[PDB]
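**Student:** There's a structure below that I have some questions on.
Neighbour counts are summed over all protein chains in view; Cβ atoms, including those assigned to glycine, are modelled from backbone coordinates with ideal geometry. Just so you know, all these numbers are worked out from the coordinates, no wet-lab data involved.
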Number of protein chains: 2
Amino acid sequence: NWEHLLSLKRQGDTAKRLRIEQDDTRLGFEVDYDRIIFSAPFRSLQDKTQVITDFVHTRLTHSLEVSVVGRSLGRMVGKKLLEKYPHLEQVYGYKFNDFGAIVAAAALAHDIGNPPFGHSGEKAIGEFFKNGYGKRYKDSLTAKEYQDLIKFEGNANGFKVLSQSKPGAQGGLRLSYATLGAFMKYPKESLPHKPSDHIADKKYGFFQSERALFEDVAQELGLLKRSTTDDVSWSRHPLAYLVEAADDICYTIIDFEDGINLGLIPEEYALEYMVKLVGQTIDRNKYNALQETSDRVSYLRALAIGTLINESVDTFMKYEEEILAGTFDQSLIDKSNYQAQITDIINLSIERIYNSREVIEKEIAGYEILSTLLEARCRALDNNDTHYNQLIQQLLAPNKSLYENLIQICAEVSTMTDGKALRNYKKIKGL
Amino acid sequence: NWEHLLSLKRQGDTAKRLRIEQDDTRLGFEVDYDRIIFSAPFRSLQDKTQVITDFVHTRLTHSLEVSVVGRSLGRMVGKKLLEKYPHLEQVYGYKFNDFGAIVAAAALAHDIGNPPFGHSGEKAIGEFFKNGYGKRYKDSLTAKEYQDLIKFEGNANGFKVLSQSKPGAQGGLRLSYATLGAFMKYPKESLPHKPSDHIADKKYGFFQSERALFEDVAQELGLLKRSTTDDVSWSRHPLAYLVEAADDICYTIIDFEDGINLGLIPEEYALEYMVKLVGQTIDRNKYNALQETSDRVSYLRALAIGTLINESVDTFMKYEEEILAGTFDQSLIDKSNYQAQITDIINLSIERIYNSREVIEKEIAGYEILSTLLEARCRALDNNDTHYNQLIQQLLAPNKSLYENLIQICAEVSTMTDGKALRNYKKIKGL
Ligand SMILES: [Mg+2]
Ligand SMILES: [Mg+2]
């Protein structure tokens, strides 16, 4: 039922929030976007680079552009959903911009919990608790608590960042449950690990510390159960497919755009890899008149993203009922008519960007930086009386169960800006 | 007439664009926002700091937050305007989110053309042509052409950045004329200089190179004439008052928030300066429970901005007819019941932030950096045959009248990222 999937509930609410009773100048879904923009975690993305460190390729700009693509996807699907289910507007008061706001807010916050250095950063945190100093806690943790650590997931840390309760601030940003549902691409716990090849089982979406929260979210949204055991799992909020397509589209096309502007990808490849995606719409005489490389590739990027947005909207509507029933097993982009071209683009980015020497060097350095901060925090946790460990406390974590302390340390190390992680690492090593 | 003020015209259009015939998933005003987000000038704000250089206080984040405040102001005024003038919706099809989109897009682009180093940067460019090397061109320029240079204005450069025609890309971002009108806080030429004490005459809003464009914009919007001579001037688009209030509100409250987080303003001053603005709404027990300084001041900031948004909306509606008639002589914030508290906040920021030693040092360094780049570009313009000047050409301006060349040099030097301006300065001096 879409009416339940479009929940305006916020954590702690004691009474229902009806869509028809909202002030449209203060609509819960749009407030969610504003709350993210002004949050300290989102602002910190100003000082967080992607794999390439050019000072003009931040995670902030990526997140902005993903939210813009998400708003467009949500608006377009929202208009068509209100055509399919007219009672949603005539009776319940939903409007097509409501769907754009939900997708836009969830897409804006997708990278908010990810550690520095990309997938290497997640992998370094996991290795610390699997084989590093952190393995000593294995026997003091449940299997699912330990799995949170050895397979630490930036998606699940984002959910924690958005919802974490603190003195004077219960519920974090207190986003609408529809937004938290659209945010949750992997609505399962850390265990069991990859039970199938379904896209929603590739990773997990919440830590044990947020299990009770997502239980409240899933029951309020009426998400369909995928497990009937104590290992909980649900079918994805339909709008999470649009959040994922926005991310897939931007990662594919914009990484390519960046690789060309940065010199990693020869410009001579631009047309060849994009011709299928832009062929019918490109004004070739306009393309040839553009004099700057950055202008030519941004034109191709806009055309390719527009093509993929329109197709993703149509794919969503073709499979809407399978998605609403939890039987859609793939991503929207997996069904694309351009899958072969998308794959060639992604593979070229892996070869020329993600496996470039500068990116490899940065990830190797990231492993040391994160491993050091985790060991410093964890030894300070185990012996908090020594003078050294008191200083580490004042520096890295000023102002609980063992698991709650360990997951908090991972969450705090993960959300450090690049500048503060390297600086603090430098001091703990004297540079 | 609001119907004309809400023009969807884009530069070069040969036929009218009726509001009632727009696809609401592709509304011209919302497209304007997206085009700015993806533009190279907006992305470059990632590498442009405000006066304080902390790496977590960019002009990008400021612009984002101003656009969020602007969207809220536009939404709220838009709803009330459609109540006052119901034919705008029933006959012409306008919706309250239309006004939010226009204000949001114009506010997002407000700082896009400003040079580095703030007002010192504008002043350094002006001094170069008034008393530096650039004074030699005085006699080759009209009075208004020369005034563009000696009083170089970041507001007018923003209009150029948004609209500048290039091979393969006529019209720049080609924003809706309503958005360009809401953008224009000073709808006059560089001469005459400050003809009155009206807020709209404090500066000017377009260079001679964009005069013909803004003439097209003002006639399409039906803006009221303020001069009947060859020195052209118009009354402000009413929505420009909301763009200005968003900027005024954010500059006042958020500079204060930054000054406290950065240590420049003692935290003990936070409540004293904000008590009048937040008194009725602050949950003092919640405030006392917040443990981090950044959390306490962001709570006060949200309360003060909400207070000022609500009041600014009411001030706009009280004076709507004077604004529509071009007889409103002040800013919206000038009529605020908190003017005295706002002034105390602004004065404390001037004393503790803008006059701090680190800010003074940066502005002094900015004068040298910009003066050097301007002299290098201008000597290369005057003698383009020498080997040195060919290298300067390849480095700073790869790929016209004397005035068009000089204003282009100012526009390009102004939009340089901090990193590229300092690096290029370093090379021209060998560091
Ligand atoms: Mg992403
Ligand atoms: Mg500003």
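**Student:** May I ask which residue of B:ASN310, B:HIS62, B:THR415 lies farthest towards the positive end of the charge dipole of chain B, with charges of +1 (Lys, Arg) and -1 (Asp, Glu) on Cβ and the Cα centre as origin?
**Tutor:** It is B:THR415, whose Cα lies furthest towards the positive end.
**Student:** Give the calculated FRET efficiency between B:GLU292 and B:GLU215 to the nearest 0.05, with a Förster radius of 45 Å applied to their Cβ-Cβ distance.
**Tutor:** Here the calculated transfer efficiency is 0.30.
**Student:** May I ask you to evaluate 6.51 cos²θ - 1.76 cosθ + 1.60, the Karplus curve with θ = phi - 60°, for each residue of the stretch B:226-243 and list the ³J(HN,Hα) values in order in whole Hz, giving x for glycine and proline?
**Tutor:** Rounded to whole hertz, the list is 10, 9, 10, 10, 6, 8, 8, 6, 9, 7, 5, 3, x, 5, 4, 4, 6, 4.
**Student:** Now for a different question. Within the set of other residues whose C-beta is less than 10 Å from the C-beta of B:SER227, count the net charge using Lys and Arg as +1 and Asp and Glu as -1.
**Tutor:** Net charge in that neighbourhood comes out at 0.
**Student:** Under the convention of a label 7 Å out along Cα→Cβ, give the distances in nm from B:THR53 to the same position in every other copy, shortest first.
**Tutor:** Values, ascending and in nm: 1.8.
**Student:** Something else now. Is the stretch B:72-188 rounded, prolate or oblate when judged by the Cα gyration tensor, a ≥ b ≥ c being the square roots of its eigenvalues, rounded requiring a/c under 1.5 and prolate requiring a/b larger than b/c?
**Tutor:** Note, shape of the stretch B:72-188 comes out prolate.
**Student:** Right, something else. Where does the stretch A:25-68 land on the Kirkwood hydrodynamic radius, alpha-carbon pairs, in angstrom?
**Tutor:** It is 11.4 Å.
**Student:** Something else: Taking the Cβ of A:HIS119 as the center, what net charge do the other residues with Cβ under 15 Å away carry, scoring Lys and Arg +1 and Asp and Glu -1?
**Tutor:** 0
**Student:** Okay, moving on. Between the stretch A:183-233 and the stretch B:161-218, what is the C-alpha centre distance in whole Å?
**Tutor:** Using only Cα atoms to place each centre, the spacing works out to 53 Å.
**Student:** Follow-up question, since we're still on this one. What shape does the protein assembly as shown have by the C-alpha gyration tensor, where a ≥ b ≥ c are the square roots of the eigenvalues, rounded means a/c under 1.5, and otherwise prolate means a/b greater than b/c and oblate the rest?
**Tutor:** In terms of gyration-tensor shape, rounded.
**Student:** Something else about it: May I ask you to sort B:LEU239, A:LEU431, B:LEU221, A:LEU348 by Cβ crowding, counting other Cβ atoms within 10 Å and putting the fewest first?
**Tutor:** Ranking B:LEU239, A:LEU431, B:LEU221, A:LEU348 by Cβ neighbours within 10 Å, fewest first, gives A:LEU431, A:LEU348, B:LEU221, B:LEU239.
**Student:** State the Cα centre-to-centre distance between the stretch A:296-362 and the stretch B:298-319 in whole Å.
**Tutor:** Cα centroid to Cα centroid, the span is 42 Å.
**Student:** Report, for B:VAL275, each distance to the same residue's label point in the other copies, shortest first and in nm; define the point 7 Å along Cα→Cβ.
**Tutor:** 7.3
**Student:** Next question, about the same structure. Let me spell out the model: positive unit charges on the Cβ of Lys and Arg, negative unit charges on the Cβ of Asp and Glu, origin at the Cα centre of the protein assembly as shown. What dipole size does that give, in debye rounded to 20?
**Tutor:** Using Cβ point charges on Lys, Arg, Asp and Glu, the protein assembly as shown gives about 620 debye.
**Student:** Also: Enumerate the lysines that B:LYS79 could reach by cross-link, defined here as Cα to Cα under 26 Å, with residues fewer than 8 away along the same chain left out.
**Tutor:** Leaving aside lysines fewer than 8 places away in the same chain, those within reach of B:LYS79 are A:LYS9, A:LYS16, A:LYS79, A:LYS80, A:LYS95, B:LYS9, B:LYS16, B:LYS95, B:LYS185, B:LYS318, B:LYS335.
**Student:** For B:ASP283 and B:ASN355, FRET efficiency with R0 = 25 Å and r from the beta-carbon atoms, rounded to 0.05?
**Tutor:** 0.15
**Student:** For B:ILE346 and A:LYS166, what does the FRET efficiency come to when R0 = 41 Å and r is the distance between their Cβ atoms, rounded to the nearest 0.05?
**Tutor:** After rounding to 0.05, the efficiency reads 0.85.
**Student:** Mean residue ellipticity at 222 nm from the helices of chain B, using -39,500 (n - 2.57) per DSSP H segment of n ≥ 4 over the full residue count, to the nearest 500 deg cm²/dmol?
**Tutor:** Counting only the DSSP helices, I get -18000 deg cm²/dmol.
**Student:** Treat the stretch A:264-384 as a sphere of radius equal to its Kirkwood radius over Cα pairs and apply Stokes-Einstein at 20 °C in a medium of 1.002 mPa s; give the translational diffusion coefficient in µm²/s, rounded to a whole number.
**Tutor:** The calculation lands on 118 µm²/s.
**Student:** Hey, which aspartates and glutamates would be in cross-link range of A:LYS130, C-alpha to C-alpha under 15 Å, not counting anything within fewer than 8 residues on its own chain?
**Tutor:** A:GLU122, A:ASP139, A:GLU145, A:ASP148, A:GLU153, A:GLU375
**Student:** Out of all DSSP beta bridges with both ends in the protein assembly as shown, state the antiparallel percent to the nearest 5.
**Tutor:** Of all bridge pairs located within the protein assembly as shown, approximately 100 percent are antiparallel.
**Student:** Using a ≥ b ≥ c from the Cα gyration tensor of chain B (square roots of the eigenvalues), is it rounded, prolate or oblate, where a/c under 1.5 gives rounded and otherwise the larger of a/b and b/c decides, a/b for prolate?
**Tutor:** Oblate, because a/c is 1.5 or more while a/b does not exceed b/c.
**Student:** While we're here: Fewest to most neighbouring Cβ within 10 Å: what's the order for B:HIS198, A:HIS237, B:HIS387?
**Tutor:** Ordered from fewest to most neighbouring Cβ atoms within 10 Å, B:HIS198, A:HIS237, B:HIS387 come out as B:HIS387, B:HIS198, A:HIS237.
**Student:** Assuming 0.36 nm per residue, please report the length gained on full extension of the stretch B:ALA325 to B:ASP13 beyond their Cα-Cα distance.
**Tutor:** Length difference between fully extended and current span is 109.5 nm.
**Student:** Right, next: Non-local amide H neighbours of A:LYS166 (under 5 Å, H modeled in plane, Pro and chain starts lacking H): which ones?
**Tutor:** The list, which skips near neighbours in sequence, is A:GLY171, A:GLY172.
**Student:** Quickly work out the B:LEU262-to-B:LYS202 label distance, labels modelled 7 Å from Cα along the C-beta direction, and quote it in nm with one decimal.
**Tutor:** Result: 2.1 nm between the two label points.
**Student:** Note the per residue figure in Å³ for the convex hull of the C-alpha positions in the stretch B:126-209.
**Tutor:** 102 Å³
**Student:** Moving on to the next point. Taking a spot 7 Å from the Cα of B:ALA365 along the direction of its beta carbon, which residues of the stretch B:52-88 have an amide N less than 12 Å from it?
**Tutor:** Only B:52-54 fall inside the zone, counting backbone N under 12 Å.
**Student:** Roughly how far apart, in whole Å, are the Cα centres of the stretch B:1-33 and the stretch A:84-124?
**Tutor:** 28 Å
**Student:** Continuing with the same structure: May I ask you to evaluate 6.51 cos²θ - 1.76 cosθ + 1.60, the Karplus curve with θ = phi - 60°, for each residue of the stretch A:99-108 and list the ³J(HN,Hα) values in order in whole Hz, giving x for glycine and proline?
**Tutor:** So the Karplus estimates, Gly and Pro as x, are 5, x, 5, 4, 4, 4, 5, 5, 5, 4 Hz.
**Student:** Going by amide H atoms built from the backbone, whose H comes under 5 Å of the H on A:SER233, apart from near neighbours?
**Tutor:** A:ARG226, A:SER227
**Student:** Describe numerically, in nm with one decimal, the distance between label points set 7 Å from Cα along Cα→Cβ at A:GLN90 and at A:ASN399.
**Tutor:** Distance between the two pseudo-spin positions: 5.3 nm.
**Student:** Can you run phi through the Karplus equation (6.51, -1.76, 1.60; θ = phi - 60°) for the stretch A:256-261 and list ³J(HN,Hα) in whole Hz, with x for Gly and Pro?
**Tutor:** Running phi through 6.51 cos²θ - 1.76 cosθ + 1.60 with θ = phi - 60° gives 4, 4, 5, x, 6, 5 Hz.
**Student:** Still on this structure: Just the Cα atoms of the stretch A:200-340: what Rg and Dmax do they give in Å?
**Tutor:** Rg and Dmax of the stretch A:200-340, Cα atoms, are 19.5, 62 Å.
**Student:** Report the local net charge at B:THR14: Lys and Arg +1, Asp and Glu -1, summed over other residues whose C-beta lies under 15 Å from its C-beta.
**Tutor:** The answer is +2.
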